[PDB]
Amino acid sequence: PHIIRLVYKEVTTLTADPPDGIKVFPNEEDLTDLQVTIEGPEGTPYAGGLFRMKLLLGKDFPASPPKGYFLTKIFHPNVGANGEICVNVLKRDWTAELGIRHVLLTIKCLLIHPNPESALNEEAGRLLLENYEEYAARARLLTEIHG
């Protein structure tokens, strides 16, 4: 359909001029399964790590937001046990014109600034709230082990 072409143009431009600290590996055969690597941002517990993720464009894209999954093991209030990332504001504010680039930047933003109030991972969310420094130390350790 027309959406395939739009995604291609959007993905090639994104791959050629990607966000700082984000790299996109497009796969010609399947453009609805985007492979992405996010550098652990400096000044965060993830500094120095490489976090692999995939962005699934659903059947209804762009009418619906894409679904993101970290494949690198991480401890984060908004990431499920199998890596599904829940970006509340994307689900709340989604419009077709927001773009894939924005989706990746918002994942990076959530990685840095978790939302423990509406956590997928209640254990990680309570830890951030009940002992912030320990949450950072444990995130740093897992970055060293898996990132």
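Numbers for residues come from their place in the sequence shown, where the first is 1.
- Judged by mean Cα B factor in the deposited record, 6-14 ranks above the other of 6-14 and 122-130.
- The PDB entry records a higher mean C-alpha B factor for 44-52 than for its counterpart among 44-52 and 99-107.
- Note on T32, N115, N82, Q35: the highest value goes to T32, judged by CA B factor as recorded.
- In the deposited entry, the Cα temperature factor of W94 sits in the middle third of values across the chain's modelled residues.
- For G68, the recorded CA temperature factor ranks within the lowest third of the chain's modelled residues.
- Looking at the C-alpha B-factors along this chain, the one for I22 belongs to the lowest third.
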